[PDB]
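S.K.: Have a look at this one before I ask anything.
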Amino acid sequence: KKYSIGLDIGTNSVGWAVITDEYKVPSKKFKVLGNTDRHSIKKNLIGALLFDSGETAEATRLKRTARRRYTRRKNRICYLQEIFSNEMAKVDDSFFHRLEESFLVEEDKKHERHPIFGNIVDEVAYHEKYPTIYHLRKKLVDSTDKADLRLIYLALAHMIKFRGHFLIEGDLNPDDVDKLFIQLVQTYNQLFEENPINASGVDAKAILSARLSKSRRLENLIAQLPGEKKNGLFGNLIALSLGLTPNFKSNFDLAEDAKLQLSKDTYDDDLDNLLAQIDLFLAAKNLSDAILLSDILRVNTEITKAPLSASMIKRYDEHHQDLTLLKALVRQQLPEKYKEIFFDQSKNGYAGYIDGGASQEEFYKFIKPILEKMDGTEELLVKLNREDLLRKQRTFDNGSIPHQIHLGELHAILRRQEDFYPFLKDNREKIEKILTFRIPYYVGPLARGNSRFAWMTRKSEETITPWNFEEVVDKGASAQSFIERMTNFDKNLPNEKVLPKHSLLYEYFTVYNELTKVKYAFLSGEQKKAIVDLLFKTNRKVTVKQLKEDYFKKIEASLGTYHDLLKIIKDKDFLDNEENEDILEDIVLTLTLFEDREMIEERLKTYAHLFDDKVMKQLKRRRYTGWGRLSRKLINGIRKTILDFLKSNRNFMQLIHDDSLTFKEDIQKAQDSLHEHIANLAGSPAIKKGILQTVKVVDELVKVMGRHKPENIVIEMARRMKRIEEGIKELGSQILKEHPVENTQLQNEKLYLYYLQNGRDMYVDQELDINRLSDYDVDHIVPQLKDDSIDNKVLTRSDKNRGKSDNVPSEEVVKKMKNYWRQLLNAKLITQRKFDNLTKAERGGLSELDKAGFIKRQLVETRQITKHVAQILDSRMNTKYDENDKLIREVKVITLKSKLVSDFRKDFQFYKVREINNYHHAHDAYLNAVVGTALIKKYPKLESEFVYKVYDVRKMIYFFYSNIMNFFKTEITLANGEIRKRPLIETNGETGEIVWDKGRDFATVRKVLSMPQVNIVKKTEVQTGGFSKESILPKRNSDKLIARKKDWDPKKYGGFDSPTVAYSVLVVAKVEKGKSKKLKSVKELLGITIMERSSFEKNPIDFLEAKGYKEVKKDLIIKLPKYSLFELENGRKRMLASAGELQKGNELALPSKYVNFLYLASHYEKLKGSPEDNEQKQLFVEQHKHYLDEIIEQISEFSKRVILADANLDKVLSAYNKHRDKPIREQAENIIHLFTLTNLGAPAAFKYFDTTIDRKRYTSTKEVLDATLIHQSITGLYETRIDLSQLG
RNA sequence: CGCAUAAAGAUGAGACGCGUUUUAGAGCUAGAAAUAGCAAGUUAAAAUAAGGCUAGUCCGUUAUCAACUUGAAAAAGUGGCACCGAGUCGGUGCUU
DNA sequence: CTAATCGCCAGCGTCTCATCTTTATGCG
DNA sequence: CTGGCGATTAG
C-alpha cells in the first residue's frame, strides 16, 4: 500500500495531494466529534490551505525607534527643568505646574488659564511685543538688558526641544559665497605659481545655489577658468566646497595616497598627515561653510549674530506685506470671491491654508489661476515661481538646519545674561552638554538587563546622566560586543567566532593551502619553508611561472598585509617572532573591529613598548575590512596541528573529513527545535510561513495514512523600445523614416521581430513585407528543448531553411551571416544568445556535451530555498541507520521547476484559470506529483540529477533526440516538417514496468481534474497589531471615541476611532429589560479589542459583569477567532470576519469543458503554436458559441443558492442582455471578470464591460447564533461540529 | 573549488523635519434676536499606541496558535478497511 | 423606532553606521 | 485593501 505526496508551495497557499501507484487519489471516511448527529464523512485526499501573508519587522522597528526618541526628548526637557528648578521659586513657584497642565479644559485646571504670566494684561502685552518665538530669540541674543527668567527658560526650552541634525562634523562659525570664492583664488595665486584666471562673474557658488548636485556644478566649473586636470577644475572645487574626492597620487605629487575628504572624522587626521609629511585649507573650509549655509541662510550676517532668527523675522514680515497687498487687490478686482478665499475652510484658499488641511502645494495650485486672472500681480507670480509667497515658519524643509546654528544662538544667549544670574555662569557647559549630547550608534540602548536588544556593559552602577556618561559606560567593550553579536560562527565548531579576513594565521593558511599540494612535478618537502620565506614573503604578488622558475633555478593568494605591517613598522624583526605573532594577531583584530581612532588609540596604548610615536600614528591611521570563514582553535587549537600538517601534500578538507583523526572531534562538536531551525534560514518571512505550514501538513498526512512513511515527496516552489532606438542609432539607414521606430503599441512579436532583425530574414536577404499579418511566420532556432525567448526564434520568409531534423540553420545562412548579421550581433542589433545559437552549427552541430547542457538546463533547478526545504524534509523524514551508520533512504525528496508542469498544462489542454476558484492549487500539486513519479519511474539513474553515484550524462545519451519530457507526447513532431510515431505503453530501461498506459492514465487525470469536492481551509488567526487607526479625531458627542489618556474624557478632548477586534466570544446571559429591570435572557456575540484582550484574559467573569451582563454561564464561553467557519441551511457557508461582519464561504465547481472554453476564448489572438493548430482552435471556439449562456445560468443558480445578492445579480443580467450583440473575444474578458461575485473571501467590487457593480457586504451576525460551528484541522479532514442551537 | 565587481533583500542601532488633537493668543459695530458688515490670521505648551513592573534615559504592533484529554508551563497523546459511483461527497460489503 | 445601505476613509518624507545572504557577471 | 462609521433610507 505504497503512496506518494505532491506539494505546491506559494506565499499565500500550500497545495497538497496524495496519490497511489495508479495515479488515482484515494478516498476515505472519517469520524466527526461534537454533539451533532453526523458520524462519518467521505472525503478525498487532495486539497489546499490558504492564509494571510507574512509581514517583515521594519514597521515595528520604526515605531520602536520613535518611542525611544520621544522618551529621550522628554528626559532632556526634564533635565533643563530640574536645573532651573531650585531658583525659579523665587520668581514664580507654580510656573512649571501651569506649563504642565496647559492641555486641559478650564474646568479641570487648578490655576489660571494664561500659562506664561498668570493674568490677562501681561499675556496680551507679551504676545503683542513678540509675535513668534523668533522675535524673542533675536531680542535675547541682541539686546543687553536683564530679561525675565521665564523668557530665558522659554527660549532655551524651544532651542533644546528642536535642535537640528548632526550630519556635519567640526565647529562652524557663520561667515559671503563669492566674497570668499575669490579668496580661494587668492590663496591659489599666492601658493601655486601658475595662471589662475580670477573669473569675477563666473558665479560658481551663485549658480551652484540652484540644483547643482553634480552635473550643473561640474558644468559651472567647466564654464570657468580652464584647468589642466580634473583635480584642479572639478577636484579642487570638490575638496573645497562640493562633494569631495581628492587623491595624493597624481594630483598632490605625493609618493603615497594621502586622500582628504569632506567634513568628517578622519579629515582632521588626514590633514595632520598631509601637513606633517609635506591657510589654503582654512579658505577651503570657509568656502565649504559658505556653500553649506548658502541655501538656508538668506540674510547678511553683519548686522546681527543670530542669522536664523533674522531669516524667520524677514519671512514673517514679507508674509504680512503680501497678505495685506493681496487683500487690497482682491477687494479691488473680484469682490465676489472674497468669502471663498478668506473664509471658506473647506476650500483650498487662504483659510484652508491656515485653519484647514491644505498644504503649500494645493494652496499654490488653487491660487495660481485667480492670480493670473487679475492684473498688477507680477511680483506675486515671481514669488510664487520661487516658492516664497505666504510662507510659514515651521515648514517641511527645515530639516537642512545643522545643530551648530542652535548651539551658537544658545551660546550667545548664555553669554549675554551671564552676570545677571550666577547659576547661569556656573552651569553653562552643563546646558551646552544637554544640547549637544547624542548616544553613539554602537553603545545602543542604555539598559540594566531586561532588554531583548541591548549589549551595553557598565563599569559602575548608577544612573546615566549626560554629564557622567564617559565615566560610567565602557566604550571599548561595548564597541566590541556591537560587532561580535552579529558576525556568524563557523560551521565546523558552532560556538567559536571567526577570524578577520586579513589575519596572519589566515594568510599563512591560504598560502600553505596554495603551495602544499602544488604540482607543476610535485613540490619539495622542507624547502617549502624557504620558498614561502623568500618568494612569497618577499614579493608582493607571487607569480605563476616566472618567479617560481627563478626560485627553482636559484635554489637548484598573497601575504599583502604582512608586507603592510612590515613597511608600517619599518622592520622585519618582530614580524617573525614567537609572542609577537599572537600580539600582531591581536593588533589586526583591533584594526578590523573599531572605526573611531581613539578607542583604537587606547587599545594600542596598551602596546606602547614596540614603537615610537611616528610608527604608532602610521599604523593607527590604517584600516581593514572583511571577515573570513574559519576558526583559531580549528587551525592551532587541536594537537599534530592543522597548520603543521598543511606546512609540510594533502588538502585541508581531505585532512579534515577523510582522515579519521580530525573528523571525529568536529562530528562530536556538531552535537535545535523546528522553529529555531526555520528561524535562521534566508529569504522573506512570506516563504518561511509556507515552509512551516508545509512541514505541519506533511506530518499530518503521514499520521492520517496509518503511520506509514511515503515513497516520494515532490516539491514545487512557485514564483524594448530602447533596443530599437539603439538599433536605429547603430544602423544609420532608414530605420525610422518609412518604418516607424515606435515600439509603444507593438505588443506582439510581429513588429519586434522585424525591429530586431532590421526588417529582413536572418538567413535570406529579401523583403519581409511587414504590412501583412498573414506573412512570414516564426521558426525556432532549436525545437524539441522548449524555449520561447526573443533570441530563440527566427523569421524567414517561407522555407524549411535547411534540410535536417536536428539543425535549423544551413551552410548558406552561416556563409552569408558572417559579415553583416554577425556584425549586427556585434553592434547589439541581435543579442548574443541568437549569435551563438545561429553559429553553433558551424562547429560540428549538436554534440553530446551540448545535449548534456540542454538536459541539465531543462532539468536542474538553481534556487537555494528549495535545497534548504528539501534538506529539512529529508532530515525530518529519513532518520534510520544501518550497521555502517549510513542514511537509509526510505523516502525520496524530488524537487521540480514550474516550467515543466506549465508545459504539461499547455500541451495536453489541461488549462488553468486563476479567476474561477481556489482549486488550482490542489490541481497543481496533483500534477506535480504525477509528473515527478512518472519521471522518476522512467529514467532511474537520473535521480542523481535532482533527488536529494555521479553517473555523468556524457555516455548515457536513454534520451536520444532533444528533450526530457518528449515521451509524454503520443505523436512527436520533427524539425523540418515531418512526423515520428511513438509506442503506446511505455516501460523502464532495464526493469519490466509499464508506467504510461496512455488512455487509462489520461482518463484518470481528467477524472481527477474534474472532481467536485476538494478540501479548502482558511487558517484561523488571532489578530494582532495596532490598537486602532492612528489618526486623532476632533471632539464629538459620540460613544465610539477612545480616550487618548486615562483622565481625558473624549467628549472634551477627542481621541481615536475604529478599534481592531482580536477575537470574539459567544456569551449567553441575561441583561436588564425595560425600566423595571427585567432579566430577559439573551444570546449575544461580543467583540474583544486588544487592550480588552489583555484585560479580559486576566479575568473574564468580572469583565463581562462590568460590561453590562449578569448571571453568565462560565463554561459556555466559546472563543471565536477570525475566519471561523459556520454552516447554515442548504450548504451555505459563512466565515466570521469580525464581531459584526461575515464573509463568503462557499466555492464554485465549474465543469472542465467550460474552463477549457474560457481559456480558448480568452487568448483567441494569442494562440502561439502551429497555424493548423491555431485554425483548429479558432474553429473549435467558433463552432459553438452558446456555452456562455449555460455559464450565466450556472452562476445564476449558484448565486441564488448561496450568495443572496439579488440586486447586483439583476444588474449583471441586464448588462449581459444589453451586451449580447458583441464579439466573443471581447466577451470572454467580461465573463471572466464576472467570477468575483461568487468568489471565496471578502466581497469585492468588480467591473463589467461598461457598468460598474458595487459590493454587497454582509453586515449581520444574528443568523450565526443558530448555525453549526465547524472546527477544522490543518488539512480539513478531522472535524468537530457544534450545534449552537442546542447550546444554552 | 577560489577570487574581483555590481545590484537587491533581510536584521539591528542612532538622529532630524513635519503632521494631528485641546488650551492660550481679550475680536469690534448695529439689532431683543435671527443675523449681517468690518478687522485679524504665520506662534507656543502638552501627548504621540491605553499603559506595565523588573522602575531602566527599560518594555509595549515581528514571529507562533483548530478541538478534546493530561501537564504549572514546556510538551505528549486522541479518529477501521476494501468496492461501485459523483454537484461540495453518496451508496454497498467485512470487522468492530 | 430600530435595522439595512451608501459613501468616504485609512501617518509620512529624509540622513548616518554595521553585519549577513542571494543573484548576475567575469575570470581562473 | 477591507472593515468602521456617520448620514440616510426602509420596514
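Letters A, B, ... go to the chains of the C-alpha cells in the order shown; residues in each chain start at 1; ligands are counted from 1 in the same order.
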Up to 9 Å from chain A, what residues of chain D turn up? Count only C-alpha atoms (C1' of nucleotides) and give them as a compact mmCIF listing (two decimals) with C-alpha atoms (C1' of nucleotides), in the first residue's frame.
M.R.:
```txt
# COMPACT_ATOMS: atom_id res chain seq x y z
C1' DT D 2 -11.08 45.60 3.60
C1' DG D 3 -13.57 46.74 7.94
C1' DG D 4 -15.62 51.17 10.69
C1' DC D 5 -18.58 54.89 10.98
```
S.K.: Find the residues in chain C near chain A: any atom within 10 Å counts, using only C-alpha atoms (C1' of nucleotides). Write them as a PyMOL selection string.
M.R.: chain C and resi 3-5+10-11+13-23
S.K.: Kindly export the residues of the current selection with C-alpha atoms (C1' of nucleotides), as a short mmCIF file (atom, residue, chain, number, x, y, z; two decimals), in the first residue's frame.
M.R.:
```cif
data_model
loop_
_atom_site.label_atom_id
_atom_site.label_comp_id
_atom_site.auth_asym_id
_atom_site.auth_seq_id
_atom_site.Cartn_x
_atom_site.Cartn_y
_atom_site.Cartn_z
"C1'" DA C 3 -32.27 47.77 11.04
"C1'" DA C 4 -30.18 47.84 6.09
"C1'" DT C 5 -27.50 50.82 2.64
"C1'" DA C 10 -7.19 54.88 6.26
"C1'" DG C 11 0.75 58.88 9.37
"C1'" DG C 13 9.42 62.43 3.97
"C1'" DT C 14 14.89 62.23 5.00
"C1'" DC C 15 20.02 61.01 6.96
"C1'" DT C 16 24.35 58.13 9.32
"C1'" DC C 17 26.54 53.25 10.53
"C1'" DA C 18 27.21 47.94 10.96
"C1'" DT C 19 26.57 42.60 9.81
"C1'" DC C 20 24.73 38.73 6.85
"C1'" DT C 21 22.66 36.16 2.41
"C1'" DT C 22 21.35 35.72 -2.89
"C1'" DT C 23 21.74 36.76 -7.94
#
```
S.K.: So that each row is one residue of chain A with an atom at most 6 Å from chain B, can you give its shortest atom pair and the distance in Å to one decimal, using only C-alpha atoms (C1' of nucleotides), rows by chain and rising number, as JSON lines?
M.R.:
```
{"residue": "A:31", "atom": "CA", "partner": "B:79", "partner_atom": "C1'", "distance": 6.0}
{"residue": "A:57", "atom": "CA", "partner": "B:62", "partner_atom": "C1'", "distance": 4.6}
{"residue": "A:102", "atom": "CA", "partner": "B:45", "partner_atom": "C1'", "distance": 5.9}
{"residue": "A:103", "atom": "CA", "partner": "B:23", "partner_atom": "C1'", "distance": 5.2}
{"residue": "A:114", "atom": "CA", "partner": "B:24", "partner_atom": "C1'", "distance": 5.7}
{"residue": "A:132", "atom": "CA", "partner": "B:43", "partner_atom": "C1'", "distance": 4.7}
{"residue": "A:165", "atom": "CA", "partner": "B:16", "partner_atom": "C1'", "distance": 5.1}
{"residue": "A:392", "atom": "CA", "partner": "B:42", "partner_atom": "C1'", "distance": 5.2}
{"residue": "A:396", "atom": "CA", "partner": "B:18", "partner_atom": "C1'", "distance": 5.1}
{"residue": "A:399", "atom": "CA", "partner": "B:17", "partner_atom": "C1'", "distance": 4.6}
{"residue": "A:441", "atom": "CA", "partner": "B:14", "partner_atom": "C1'", "distance": 4.6}
{"residue": "A:444", "atom": "CA", "partner": "B:13", "partner_atom": "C1'", "distance": 5.8}
{"residue": "A:447", "atom": "CA", "partner": "B:56", "partner_atom": "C1'", "distance": 5.7}
{"residue": "A:448", "atom": "CA", "partner": "B:56", "partner_atom": "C1'", "distance": 5.9}
{"residue": "A:1013", "atom": "CA", "partner": "B:88", "partner_atom": "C1'", "distance": 4.8}
{"residue": "A:1025", "atom": "CA", "partner": "B:61", "partner_atom": "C1'", "distance": 3.9}
{"residue": "A:1026", "atom": "CA", "partner": "B:61", "partner_atom": "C1'", "distance": 4.7}
{"residue": "A:1032", "atom": "CA", "partner": "B:20", "partner_atom": "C1'", "distance": 5.8}
{"residue": "A:1053", "atom": "CA", "partner": "B:22", "partner_atom": "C1'", "distance": 5.6}
{"residue": "A:1271", "atom": "CA", "partner": "B:66", "partner_atom": "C1'", "distance": 5.5}
{"residue": "A:1272", "atom": "CA", "partner": "B:66", "partner_atom": "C1'", "distance": 5.4}
{"residue": "A:1273", "atom": "CA", "partner": "B:66", "partner_atom": "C1'", "distance": 5.2}
```
S.K.: If you run DSSP on the backbone here, which positions in segment 1083-1272 of chain A get strand (DSSP E or B)? Please write them as a VMD selection string.
M.R.: chain A and resid 1083 to 1089 1110 1118 to 1120 1122 1125 to 1127 1133 to 1136 1142 to 1144 1241 1247 1252 1258 1268 to 1272
S.K.: Please measure the separation of atom CA of residue 333 of chain A and atom CA of residue 314 of chain A, giving the value in Å to one decimal.
M.R.: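 Between atom CA of residue 333 of chain A and atom CA of residue 314 of chain A the gap works out to 28.5 Å.
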S.K.: If I take atom CA of residue 350 of chain A and atom CA of residue 364 of chain A, how far is one from the other in Å, to one decimal?
M.R.: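 That distance, rounded to one decimal, is 9.8 Å.
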S.K.: Going by DSSP on the backbone, which bits of segment 1037-1257 of chain A are alpha helix (DSSP H)? Write them as an NGL selection string, please.
M.R.: :A and (1050-1053 or 1090-1098 or 1100-1107 or 1152-1162 or 1171-1182 or 1187-1198 or 1206-1218 or 1225-1233)
S.K.: Counting only C-alpha atoms (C1' of nucleotides), what is within 12 Å of residue 587 of chain A, bar same-chain residues fewer than 5 positions away, as a list in words?
M.R.: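 Here the answer would be residues 500, 502, 503, 504, 565, 580, 581, 582, 592, 593, 594, 600, 601, 603, 604, 605, 606, 607, 610, 616, 619, 620, 622, 623 and 624 of chain A.
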S.K.: Please measure the separation of atom CA of residue 321 of chain A and atom CA of residue 382 of chain A, giving the value in Å to one decimal.
M.R.: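 Atom CA of residue 382 of chain A lies at a distance of 15.1 Å from atom CA of residue 321 of chain A.
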S.K.: Just the residues within 9 Å of residue 1188 of chain A, please, counting only C-alpha atoms (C1' of nucleotides), with nothing from its chain fewer than 2 positions along; format it as a list in words.
M.R.: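 With the cut-off at 9 Å, the set is residues 1154, 1158, 1185, 1186, 1190, 1191, 1192, 1193, 1228 and 1231 of chain A.
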